[PDB]
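Asks: Could you have a look at this structure, given as structure tokens, before my questions?
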Amino acid sequence: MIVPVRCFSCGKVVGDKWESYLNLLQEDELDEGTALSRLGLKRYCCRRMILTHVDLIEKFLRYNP
Amino acid sequence: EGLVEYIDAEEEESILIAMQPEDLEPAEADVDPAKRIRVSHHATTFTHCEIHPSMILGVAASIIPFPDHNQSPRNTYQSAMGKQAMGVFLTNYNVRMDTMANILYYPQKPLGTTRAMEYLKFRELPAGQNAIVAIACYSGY
Amino acid sequence: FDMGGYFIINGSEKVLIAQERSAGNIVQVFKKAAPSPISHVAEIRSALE
Amino acid sequence: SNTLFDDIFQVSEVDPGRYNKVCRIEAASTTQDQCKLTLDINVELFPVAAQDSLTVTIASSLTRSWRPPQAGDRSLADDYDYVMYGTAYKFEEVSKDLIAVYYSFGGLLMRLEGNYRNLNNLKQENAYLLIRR
Amino acid sequence: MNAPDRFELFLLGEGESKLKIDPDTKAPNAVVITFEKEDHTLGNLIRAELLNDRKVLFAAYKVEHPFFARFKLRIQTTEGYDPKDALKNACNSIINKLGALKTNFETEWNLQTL
Amino acid sequence: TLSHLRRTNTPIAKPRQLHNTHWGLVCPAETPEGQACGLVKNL
Amino acid sequence: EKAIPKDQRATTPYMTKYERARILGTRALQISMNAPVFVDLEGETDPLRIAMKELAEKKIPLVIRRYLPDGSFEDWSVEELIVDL
Amino acid sequence: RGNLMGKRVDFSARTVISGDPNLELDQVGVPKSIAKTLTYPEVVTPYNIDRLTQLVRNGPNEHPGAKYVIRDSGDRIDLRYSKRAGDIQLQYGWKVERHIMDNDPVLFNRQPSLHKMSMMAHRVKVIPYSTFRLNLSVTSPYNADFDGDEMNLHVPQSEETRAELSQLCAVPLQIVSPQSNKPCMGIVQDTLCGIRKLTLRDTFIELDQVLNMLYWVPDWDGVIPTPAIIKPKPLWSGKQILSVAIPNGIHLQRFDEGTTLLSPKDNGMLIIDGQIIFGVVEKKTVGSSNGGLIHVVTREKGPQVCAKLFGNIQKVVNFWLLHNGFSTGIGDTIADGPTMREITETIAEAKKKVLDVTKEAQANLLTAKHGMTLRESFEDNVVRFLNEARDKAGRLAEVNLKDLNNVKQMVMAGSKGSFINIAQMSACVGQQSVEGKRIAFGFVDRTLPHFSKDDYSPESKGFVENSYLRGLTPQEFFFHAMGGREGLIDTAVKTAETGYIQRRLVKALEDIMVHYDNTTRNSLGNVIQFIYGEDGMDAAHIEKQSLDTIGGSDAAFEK
Amino acid sequence: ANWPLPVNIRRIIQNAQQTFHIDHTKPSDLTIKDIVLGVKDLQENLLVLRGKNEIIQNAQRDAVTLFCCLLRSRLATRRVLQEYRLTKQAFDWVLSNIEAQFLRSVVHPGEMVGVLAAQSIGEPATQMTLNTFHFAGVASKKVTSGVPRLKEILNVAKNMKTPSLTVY
Amino acid sequence: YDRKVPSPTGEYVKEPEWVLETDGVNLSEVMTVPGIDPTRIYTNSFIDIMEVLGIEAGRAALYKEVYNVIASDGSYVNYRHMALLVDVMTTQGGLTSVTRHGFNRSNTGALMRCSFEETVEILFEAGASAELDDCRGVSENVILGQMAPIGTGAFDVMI
Amino acid sequence: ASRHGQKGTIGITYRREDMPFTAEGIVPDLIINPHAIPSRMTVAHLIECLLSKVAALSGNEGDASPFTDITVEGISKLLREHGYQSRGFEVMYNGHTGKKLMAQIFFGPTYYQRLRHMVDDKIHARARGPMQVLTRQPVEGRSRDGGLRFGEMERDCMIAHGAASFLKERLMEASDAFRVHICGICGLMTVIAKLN
Amino acid sequence: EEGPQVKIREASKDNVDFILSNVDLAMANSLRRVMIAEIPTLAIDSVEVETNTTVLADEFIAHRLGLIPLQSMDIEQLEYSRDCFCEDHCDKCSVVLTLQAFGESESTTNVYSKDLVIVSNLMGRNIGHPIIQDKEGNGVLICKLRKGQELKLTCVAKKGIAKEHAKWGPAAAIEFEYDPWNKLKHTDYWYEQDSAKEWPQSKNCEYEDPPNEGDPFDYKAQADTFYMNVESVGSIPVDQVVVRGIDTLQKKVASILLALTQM
DNA sequence: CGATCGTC
RNA sequence: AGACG
Ligand SMILES: [Mg+2]
Ligand SMILES: [Zn+2]
Ligand SMILES: [Zn+2]
Ligand SMILES: [Zn+2]
């Protein structure tokens with residue numbers, strides 16, 4: 001459904017961090033907590049934003065038109 | 001291979017069931033005060049064992065976090081409500097012409113999960129958000 | 001993610017709700033109320049499969 | 001007017017019964033071998049330990065909206081450490097020649113047993129309590 | 001559907017004036033000012049500064065309803081002190097404190113690296 | 001949806017009650033409030 | 001026939017709440033319909049607030065027919081009825 | 001029933017209800033959209049002509065405006081459509097269907113309406129947003145909460161009809177209920193919780209805050225009360241500032257337990273000339289209690305005054321608490337390691353008592369007392385032991401809870417929670433029951449298939465040893481579920497049955513009215529009572545009073 | 001001793017005490033006659049029924065029997081002087097206050113007293129949590145209570161579930 | 001059973017006494033048993049009290065029972081309300097039920113009764129026996145769309 | 001609603017500033033009442049939050065599965081390791097004043113659900129409109145601009161109040177009311193309406 | 001320099017850690033509030049959709065467009081359209097952005113905030129350039145395209161404050177702590193055994209001396225010295241969040257003073 | 001021959 | 001029928 005731009009609670013821009021997060025896990029082998037903190041997501045409200053994101057867009061683009 | 005078996009309430013009558021495999025049948029011969037109180041053995045002539053006691057619950061209740069720490073009617077109430085919640089009901093929602101459809105803009109997978117949610121495809125089609133919440137007396141509103 | 005198990009009748013998704021009935025061919029004994037002359041009754045709801 | 005009562009007491013007990021700012025004080029007059037006092041004190045701004053010798057004073061002056069202290073040129077009857085304003089609620093007679101007086105200081109309760117100050121302590125929304133040393 | 005516009009929080013609407021000065025009924029040399037299109041940012045700030053004034057006998061503010069972005073400020077001063085002047089002085093006292101802070105931060109900021 | 005497709009109906013001595021025999025079979029929690037409480041079950 | 005004369009009147013000398021409310025209702029309805037006011041106004045404009053004044057200053061020209069269970073009745077003027085409450 | 005006794009009506013509105021700390025007790029918050037829909041027929045008099053023309057000019061979509069204009073001949077001019085919409089030159093005698101304005105009387109109702117208090121007149125206050133707002137202290141007569149509830153609003157179309165609401169149905173008049181001869185409205189939730197907290201002997205507030213709290217009371221005389229403390233700080237007590245909301249001429253005396261005029265526990269209650277002398281203000285003082293501040297104030301000062309009182313109390317308390325705060329965590333359910341040890345062993349000795357009595361029964365030594373079965377006595381014993389167990393364990397928990405315990409605090413204030421709550425959440429859930437007895441052998445000779453046949457052990461027949469904090473076992477879980485279900489079934493039955501009872505009760509006594517000869521008669525004029533309630537007194541004007549001649553010793557009577 | 005009755009006499013006394021600034025240090029200006037006859041007159045002045053005939057006269061006397069018991073017990077000579085410390089000025093005020101408050105406390109003709117009674121019972125019946133009584137821990141304590149019992153009552157049920165006899 | 005009894009010194013004293021509770025009813029017979037206090041004998045069966053002791057005794061028991069239902073729940077309702085309910089069942093000479101069998105059969109208005117239960121058949125026997133409707137009932141005026149003789153409508157207002 | 005039988009509506013919306021805040025600068029998206037807890041005994045709700053706070057911090061999924069060995073103590077040990085008081089409590093500062101709250105708030109994430117049936121889908125208001133054919137009574141439903149039911153139950157409350165005219169009004173002027181012609185002799189609807 | 005004092009601990013292009021000594025809490029707060037709500041920025045406040053053959057709804061997209069941070073450096077030399085004498089919008093009051101994207105490749109195509117194009121005449125001022133902090137150089141993922149998928153739209157970015165909509169938030173999160181030892185007794189700690197042991201020490205404890213056990217409570221003491229950490233979203237630099245913060249608040253106090261002269 | 005309330 | 005308090 002695409003990472004939200006900005007964290008609902010605080011507004012720290014989180015939209016530019018997904019591509020990066022996904023890479024940190026898949027390529028860098030890293031675990032979520034370290035990956036999250038590496039993206040500079042220190043506060044737990046920002047953390048939930050990315051950690052709890054379900055990227056349903058990927059599934060939606062699989063439909064033909 | 002007959003490692004597992006299908007039992008109905010009628011046959012259930014003739015069998016003796018263990019709740020946990022290990023925790024219900026190893027050996028005997030200090031503890032954690034935080035952990036709940038489980039009885040002992042006493043009954044040892046076992047014929048079967050439960051696959052997992054959480055399997056006694058259905059879809060709605062399999063969504064609740066820690067229902068074992070809740071008053072029984074509240075677990076019944078939640079069960080009714082989860083069916084009134086919004087989120088992606090299906091991936092092809094954009095493709096169906098249906099009377100009423102409510103889809104959450106940014107649905108989130110819950111931080112607190114049940115092993116049963118893996119099968120219920122909840123983390124894949126969620127019905128809520130992980131809201132930062134304060135239990136507090138603020139404006140009284 | 002769709003699970004199926006339903007029908008499509010004139011474009012409408014239809015669920016058939018499981019219908020609970022007492023099982024047939026069972027013998028069951030019952031006591032009876034204080035006025036009744038018949039104190040107990042044995043019953044069988046015989047049916048053909 | 002002026003003072004209505006003045007005496008030096010000796011603290012027997014100091015009890016913080018379910019409180020962390022307040023303490024009920026049990027004290028008897030050093031001079032008057034019959035006079036007694038029971039009082040709730042704010043130990044946070046003014047602490048009291050056991051066996052302390054405190055000068056207790058009951059006055060009536062130093063009506064209208066309260067003006068902040070303003071040490072600009074002001075001067076109150078203060079040569080004391082603890083000052084309280086309160087109301088008279090009951091005048092009880094503890095047999096023949098023994099009287100008791102009841103003062104609430106916004107809920108901080110006060111009792112004074114003896115007889116000496118008959119025509120001094122009267123039914124008033126007025127009453128200032130003054131403690132020193 | 002019954003939601004007022006968000007501009008109504010900081011925008012005065014035809015007929016509404018910023019300050020409304022009404023003389024207090026209950027007390028002498030006391031006044032009540034209705035600050036329109038304002039909140040806790042201005043209320044608490046001015047009320048706290050007014051208190052720092054020795055000649056000010058009373059200063060309290062309130063926001064009667066969270067729906068509406070207005071507040072009330074009650075000022076009572078000593079005789080020979082117009083509560084309006086007290087409010088004015090408080091405002092100037094605030095700006096001076098603010099000005100000082102602006103410069104200080106800039107001074108410290110320009111000493112910093114990264 | 002998954003829940004709907006796992007529902008039970010009981011038309012018509014104590015059917016509304018959670019009988020011991022329901023263990024592992026029907027959900028102990030999930031039942032409608034009032035109207036058809038215990039008559040509508042879930043596997 | 002039937003009635004009850006002024007002398008010998010057992011009913012409460014005090015006006016009932018229901019009598020008051022209906023009185024204030026009927027009066028406010030008259031005031032609302034450009035009917036003359038029997039009292040002075042203190043810049044008053046509300047028909048109910050005006051009726052309240054007219055009652056407070058006992059200048060409501062109305063009578064209450066208090067039917068008793070047989071059918072008999074006691075007529076009491078608004079002016080005579082005590083309005084404590 | 002559906003067309004004569006009751007029917008669908010014009011001039012009605014319905015929506016989700018919300019709570020408003022800033023609404024007067026008798027007010028109702030009406031969405032501007034609804035206000036614009038509902039109208040009142042108002043005749044053109046020289047008293048209103050200026051305002052009416054103006055409202056006509058404002059039209060149907062801008063708020064203080066009107067929808068239709070009716071003249072002689074009986075013809076409605078639709079302001080939203082008419083070409084002469086902004087041309088209306090008003091005449092006296094013409095009616096102007098104006099929007100619902102502030103302070104109008106409106107009939108507010110919550111279903112089911114099994115009360116005169118379920119239906120009360122409210123002063124309109126036109127507000128933004130889509131919900132109907134009401135003061136929390138009007139919640140209980142209606143039996144409303146804000147979990148999604150909806151309410152009904154009715155508008156009188158006649159002057160006499162609007163008099164009937166303001167003079168009979170009005171919220172302030174309804175305060176002291178004739179149903180239980182006590183008030184039917186009191187201080188609740190945040191306000192009830194905060195008022196305890198504000199009242200404590202420890203609670204001291206200072207100038208900055210004091211002045212704000214003082215100003216928050218609308219009625220405030222503008223007089224700063226003299227602080228209880230004048231020493232190294234002018235410090236006002238919580239009691240002081242709260243007494244500012246209490247009007248003068250108010251006297252209240254109580255005495256609870258250890259209460260003795262020097263109240264050491266800061267308990268009971270004593271208020272003189274409206275100044276709280278001693279005692280913490282909780283439910284007994286400020287709830288819908290019999291001798292409450294509310295019952296007293298309505299009686300002494302009047303309805304209009306007592307209504308204001310809810311507002312003034314609310315305003316201070318809500319304010320102080322907004323700045324004090326109040327929360328509840330999981331930590332509030334955690335009882336001491338040593339307390340837990342005692343709870344654990346308490347339930348252990350209960351388990352033995354049961355076991356020993358069982359061993360006695362099985363030995364044939366058990367002798368049942370006259371009137372009951374050997375087994376009937378056994379079960380009565382086991383159940384007794386097991387309830388005692390839960391009660392001792394719960395009492396052990398309660399005792400360990402500190403005055404800083406948020407649940408303990410809520411119980412102390414009387415806002416939320418009871419003993420059982422503390423007990424089941426933190427010590428032991430206890431025994432489960434179906435049809436009065438403990439968990440039955442649904443399976444042949446066993447409760448569950450994980451048990452052996454003929455097991456009468458607490459654990460086997462539904463005893464939940466664990467607290468909600470520790471967690472329940474699958475067996476405990478299912479058993480608590482069996483009990484829970486029973487609750488739900490008869491909750492659903494109670495709702496159905498009591499409702500039917502209510503109709504019958506109503507139909508049967510509809511026509512019973514107090515006549516002009518103080519007699520209680522029906523539609524046929526048949527005498528039911530000669531004096532209403534045997535004294536010809538109205539229930540609202542009645543109070544529990546001590547008859548000083550009935551009790552005491554013959555010596556003490558004489559003295 | 002504690003029974004719902006009109007006119008909170010205690011509150012009136014406290015109101016007299018504060019209003020007139022009563023000092024328990026000065027002797028009252030009252031008489032045995034002032035008190036004794038004063039309380040006695042007040043009794044003749046408490047109205048519920050106004051008719052002058054013997055039937056209604058006795059009906060009225062009977063209606064205020066209990067309240068006068070209260071009135072006497074509270075306004076006794078020893079109490080008015082030793083306990084309350086009333087003055088003639090303050091005592092007379094008490095007497096006219098009771099009179100007015102009592103007349104205020106009387107029911108209003110037109111009160112839909114029947115509907116009131118019906119709802120007054122109906123509402124709390126709705127609130128009745130459980131049909132299962134708190135005697136469900138002891139075997140020799142089972143007696144049909146709550147909503148079922150209330151149903152048995154209103155229906156004048158011939159065959160009741162727990163017919164019981166209590167022998168003294 | 002616990003008993004509040006006045007001591008010889010004046011004060012009321014808790015004096016416990018032996019009391020017998022019974023499964024079943026035969027009031028008439030049990031009350032004549034020696035050793036019992038016939039003045040004190042009680043039954044939850046108000047209808048049996050009514051039969052043996054009389055209507056006024058029945059009324060007392062009927063209240064006592066209604067009272068106990070409310071009291072048990074913890075709740076309190078002012079005496080006058082239940083008093084009235086009980087007095088209503090009582091005024092007919094016997095015990096009249098709060099059903100279509102007790103009050104809906106009473107000598108009241110045809111339209112006021114057809115408002116509760118047996119709607120159509122109540123209206124049939126009204127036409128059959130040719131009943132005259134008083135219209136002095138609440139329910140009648142409700143049907144007729146008139147200001148009923150209730151509070152505000154209980155009296156008439158004239159000039 | 002929370003995932004614990006905890007349904008409740010929005011009472012008001014506050015912006016970031018007016019909201020209470022953490023020393024970290026965190027602020028709630030939701031403020032629930034302390035009173036919604038005692039009576040309800042929904043301990044799992046509190047446990048969920050503790051677990052969820054730890055889950056977000058550690059970047060792991062919280063196991064809220066039933067019949068397990070996860071303890072409030074085990075969760076507390078992990079949360080404190082993350083630098084927070086072990087029982088979810090956090091110091092909060094008042095948004096209006098900046099002043100620390102005397103009380104510490106149980107703060108942390110909790111999975112909440114957006115539920116169907118919203119104010120706007122419920123708001124109805126009808127000051128006259130469509131009348132049903134047979135009855136000449138207001139229609140039934142928001143979609144039809146229907147009249148709200150003033151049932152017999154409602155009628156009874158107005159009788160209790162003794163509000164005779166309001167009751168007359170509700171049942172006539174608002175809703176029904178009709179002018180009919182009757183014969184003085186037979187008393188039936190026989191009189192032919194031949195107006196003008 | 002007089003009154004309030006600053007002491008910067010940490011400073012970066014994104015964050016300011018500092019101590020606000022010699023100030024009132026009322027001021028500390030008013031500032032904290034104004035940094036959050038009242039500093040004006042430039043955000044998209046109008047989206048015209050020409051083509052939308054995407055998986056997402058027009059408004060869903062439009063909503064995220066407002067959330068993209070845009071350069072607000074010279075925002076004061078841009079008018080609020082409500083004050084502008086134009087018909088609707090112009091260059092004196094707004095910045096116009098273009099977004100046109102087509103899924104040419106078989107593989108999934110991403111739409112970034114780099115893909116926005118300023119079409120408006122900027123008249124030389126650092127305004128409207130989408131904020132890019134992403135290392136790869138494409139800050140924020142607007143949406144995703146498949147194949148025939150197309151997104152043609154036009155954006156009108158306008159001046160505004162967070163008080164109207166959170167999108168106009170220059171800020172983000174502001175850390176705020178005073179008296180890290182509770183010497184003021186401004187809070188009453190919830191404990192079980194030991195408040196000291198149960199409650200963790202803040203970093204700010206190093207910057208203050210402990211209370212020293214056997215000392216009587218300082219009654220008269222007041223709050224001065226506030227440990228703050230202003231985080232920027234990037235639309236305006238960090239110094240500027242604080243400087244415009246002070247400035248905005250200063251301006252509104254001047255407004256009151258000014259309105260007293262108007263009466 | 002009865003069988004809670006409102007609503008889609 | 002279905003959903004809600
Ligand atoms: Mg509800
Ligand atoms: Zn964040
Ligand atoms: Zn004819
Ligand atoms: Zn322009």
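Convention: chains lettered A, B, ... in structure tokens order; per-chain residue numbering from 1; ligands numbered from 1 as shown.
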Find the residues of chain H in contact range of chain J, meaning any atom within 8 Å when counting only C-alpha atoms, and list them as a VMD selection string.
Replies: chain H and resid 1 4 to 5 178 to 181 504 to 505 507 to 511 513 523 to 524 528 to 529 532 to 534 539 551 to 555
Asks: Taking only C-alpha atoms (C1' of nucleotides) and all ligand atoms into account, which residues have an atom no farther than 10 Å from ligand 2? I'd like them as number ranges by chain.
Replies: A: 6-14, 41-49; B: 132; K: 25-27; L: 172-173
Asks: Between CA of residue 177 (chain H) and CA of residue 150 (chain K), what is the distance in Å, rounded to a tenth?
Replies: 23.3 Å
Asks: Quick one: everything within 7 Å of region 65-69 of chain B, counting only C-alpha atoms (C1' of nucleotides), minus sequence neighbours fewer than 3 positions away in the same chain. Send it as a list in words.
Replies: residues 75, 112, 113 and 114 of chain B; 468, 469, 471, 472 and 477 of chain H; 43, 44, 48, 64, 65 and 66 of chain K
Asks: With N, CA and C atoms retained, export the selected residues as a compact mmCIF listing (two decimals), in the first residue's frame.
Replies:
```
# COMPACT_ATOMS: atom_id res chain seq x y z
N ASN B 75 -13.87 -11.52 25.57
CA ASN B 75 -13.35 -12.33 24.46
C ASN B 75 -14.48 -12.60 23.49
N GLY B 112 1.67 -7.25 18.26
CA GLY B 112 1.31 -8.39 19.11
C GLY B 112 0.46 -9.37 18.31
N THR B 113 1.02 -10.57 18.03
CA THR B 113 0.40 -11.62 17.19
C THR B 113 0.17 -12.96 17.88
N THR B 114 -0.64 -13.81 17.23
CA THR B 114 -0.99 -15.16 17.65
C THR B 114 -0.43 -16.10 16.59
N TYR H 468 -5.98 -13.12 36.30
CA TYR H 468 -5.89 -12.69 34.89
C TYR H 468 -4.48 -12.25 34.50
N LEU H 469 -3.72 -11.76 35.49
CA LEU H 469 -2.33 -11.35 35.34
C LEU H 469 -1.42 -12.56 35.01
N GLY H 471 -2.43 -15.54 33.98
CA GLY H 471 -3.04 -16.19 32.83
C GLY H 471 -3.76 -17.46 33.25
N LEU H 472 -4.81 -17.82 32.50
CA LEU H 472 -5.63 -19.02 32.71
C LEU H 472 -5.13 -20.20 31.86
N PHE H 477 -9.62 -21.81 31.15
CA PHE H 477 -10.11 -21.02 30.04
C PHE H 477 -11.52 -21.50 29.63
N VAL K 43 -6.93 -7.28 31.24
CA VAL K 43 -5.51 -7.27 31.57
C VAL K 43 -4.66 -7.46 30.32
N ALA K 44 -5.09 -8.36 29.41
CA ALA K 44 -4.41 -8.63 28.14
C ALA K 44 -4.18 -7.37 27.32
N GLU K 48 -0.75 -6.52 26.06
CA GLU K 48 -0.54 -6.26 24.63
C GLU K 48 0.36 -5.04 24.47
N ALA K 64 1.84 -12.81 21.33
CA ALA K 64 0.67 -12.63 22.17
C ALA K 64 -0.21 -13.86 22.10
N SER K 65 0.41 -15.02 21.81
CA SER K 65 -0.28 -16.28 21.70
C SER K 65 -0.75 -16.72 23.08
N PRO K 66 -1.95 -17.36 23.17
CA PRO K 66 -2.51 -17.74 24.47
C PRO K 66 -1.68 -18.58 25.43
```
Asks: List as a PyMOL selection string the protein and nucleic acid residues lying within 8 Å of ligand 3, with only C-alpha atoms (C1' of nucleotides) and all ligand atoms counted.
Replies: chain K and resi 182-188+190-191
Asks: Could you please select, counting only C-alpha atoms, the residues of chain K within 9 Å of chain I and state them as a ChimeraX atom specification?
Replies: /K:156-157,159-162
Asks: Please extract the residues at most 9 Å from ligand 4, counting only C-alpha atoms (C1' of nucleotides) and all ligand atoms, and provide them as a VMD selection string, using the chain letters and residue numbers of this document.
Replies: chain L and resid 79 to 94
Asks: Generate a file of the selected residues that holds N, CA and C atoms, formatted as a PDB file, in the first residue's frame.
Replies:
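Result file is selection.pdb:
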```pdb
ATOM      1  N   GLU L  79       3.638  34.996  -0.679  1.00  0.00           N
ATOM      2  CA  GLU L  79       2.394  35.405  -0.025  1.00  0.00           C
ATOM      3  C   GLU L  79       1.432  34.250   0.263  1.00  0.00           C
ATOM      4  N   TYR L  80       0.552  34.409   1.278  1.00  0.00           N
ATOM      5  CA  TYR L  80      -0.499  33.423   1.541  1.00  0.00           C
ATOM      6  C   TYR L  80      -1.519  33.804   0.461  1.00  0.00           C
ATOM      7  N   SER L  81      -2.041  32.834  -0.319  1.00  0.00           N
ATOM      8  CA  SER L  81      -2.985  33.123  -1.415  1.00  0.00           C
ATOM      9  C   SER L  81      -4.220  33.879  -0.960  1.00  0.00           C
ATOM     10  N   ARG L  82      -4.589  33.728   0.329  1.00  0.00           N
ATOM     11  CA  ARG L  82      -5.708  34.421   0.973  1.00  0.00           C
ATOM     12  C   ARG L  82      -5.494  35.931   1.031  1.00  0.00           C
ATOM     13  N   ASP L  83      -4.217  36.353   0.994  1.00  0.00           N
ATOM     14  CA  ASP L  83      -3.755  37.740   1.009  1.00  0.00           C
ATOM     15  C   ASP L  83      -3.440  38.216  -0.396  1.00  0.00           C
ATOM     16  N   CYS L  84      -3.170  37.272  -1.325  1.00  0.00           N
ATOM     17  CA  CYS L  84      -2.831  37.654  -2.693  1.00  0.00           C
ATOM     18  C   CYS L  84      -4.006  38.238  -3.470  1.00  0.00           C
ATOM     19  N   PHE L  85      -3.757  39.323  -4.216  1.00  0.00           N
ATOM     20  CA  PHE L  85      -4.827  39.968  -4.974  1.00  0.00           C
ATOM     21  C   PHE L  85      -5.165  39.312  -6.294  1.00  0.00           C
ATOM     22  N   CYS L  86      -4.624  38.114  -6.556  1.00  0.00           N
ATOM     23  CA  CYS L  86      -4.877  37.407  -7.802  1.00  0.00           C
ATOM     24  C   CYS L  86      -6.200  36.712  -7.781  1.00  0.00           C
ATOM     25  N   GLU L  87      -6.558  36.118  -8.915  1.00  0.00           N
ATOM     26  CA  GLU L  87      -7.744  35.290  -9.033  1.00  0.00           C
ATOM     27  C   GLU L  87      -7.174  33.886  -8.815  1.00  0.00           C
ATOM     28  N   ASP L  88      -7.505  33.284  -7.674  1.00  0.00           N
ATOM     29  CA  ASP L  88      -6.991  31.956  -7.318  1.00  0.00           C
ATOM     30  C   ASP L  88      -5.484  31.929  -6.978  1.00  0.00           C
ATOM     31  N   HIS L  89      -4.621  31.499  -7.893  1.00  0.00           N
ATOM     32  CA  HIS L  89      -3.201  31.457  -7.566  1.00  0.00           C
ATOM     33  C   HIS L  89      -2.343  32.145  -8.622  1.00  0.00           C
ATOM     34  N   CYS L  90      -1.068  32.401  -8.272  1.00  0.00           N
ATOM     35  CA  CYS L  90      -0.073  33.032  -9.134  1.00  0.00           C
ATOM     36  C   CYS L  90       1.338  32.718  -8.636  1.00  0.00           C
ATOM     37  N   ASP L  91       2.350  33.473  -9.096  1.00  0.00           N
ATOM     38  CA  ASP L  91       3.739  33.240  -8.711  1.00  0.00           C
ATOM     39  C   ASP L  91       4.076  33.982  -7.437  1.00  0.00           C
ATOM     40  N   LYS L  92       3.288  34.996  -7.096  1.00  0.00           N
ATOM     41  CA  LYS L  92       3.485  35.772  -5.878  1.00  0.00           C
ATOM     42  C   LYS L  92       2.976  34.983  -4.665  1.00  0.00           C
ATOM     43  N   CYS L  93       2.112  33.982  -4.902  1.00  0.00           N
ATOM     44  CA  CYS L  93       1.525  33.226  -3.805  1.00  0.00           C
ATOM     45  C   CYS L  93       1.650  31.710  -3.858  1.00  0.00           C
ATOM     46  N   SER L  94       2.123  31.139  -4.989  1.00  0.00           N
ATOM     47  CA  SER L  94       2.222  29.689  -5.151  1.00  0.00           C
ATOM     48  C   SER L  94       3.326  29.176  -6.077  1.00  0.00           C
TER      49      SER L  94
END
```
Asks: Report as a Markdown table: every residue of chain K with an atom at most 12 Å from ligand 1, its closest pair of atoms, and their distance in Å to one decimal, counting only C-alpha atoms and all ligand atoms, with rows sorted by chain and ascending residue number.
Replies:
```
| residue | atom | partner | partner_atom_place_in_ligand_line | distance |
| --- | --- | --- | --- | --- |
| K:6 | CA | ligand 1 | 1 (Mg) | 11.6 |
| K:7 | CA | ligand 1 | 1 (Mg) | 9.4 |
| K:8 | CA | ligand 1 | 1 (Mg) | 9.2 |
| K:9 | CA | ligand 1 | 1 (Mg) | 10.8 |
```
Asks: From a DSSP calculation on the backbone, collect every residue of region 5-195 of chain K in helix (DSSP H, G or I) and output the set as a PyMOL selection string.
Replies: chain K and resi 34-36+43-58+72-81+119-122+152-161+164-171
Asks: Which residue out of L:217, L:18, L:191, L:181 has the minimum interatomic distance to residue 104 (chain E) when only C-alpha atoms are used?
Replies: L:18
Asks: Find the residues of chain E in contact range of chain K, meaning any atom within 9 Å when counting only C-alpha atoms, and list them as an mmCIF file with C-alpha atoms, in the first residue's frame.
Replies:
```cif
data_model
loop_
_atom_site.group_PDB
_atom_site.id
_atom_site.type_symbol
_atom_site.label_atom_id
_atom_site.label_comp_id
_atom_site.auth_asym_id
_atom_site.auth_seq_id
_atom_site.Cartn_x
_atom_site.Cartn_y
_atom_site.Cartn_z
ATOM 1 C CA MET E 1 -19.829 17.390 7.518
ATOM 2 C CA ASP E 39 -4.650 29.352 22.332
ATOM 3 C CA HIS E 40 -2.291 28.150 25.123
ATOM 4 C CA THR E 41 0.748 29.525 23.228
ATOM 5 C CA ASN E 44 -0.085 30.807 29.352
ATOM 6 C CA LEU E 45 2.830 33.014 28.123
ATOM 7 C CA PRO E 66 -11.606 23.327 22.863
ATOM 8 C CA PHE E 67 -13.821 23.717 19.688
#
```
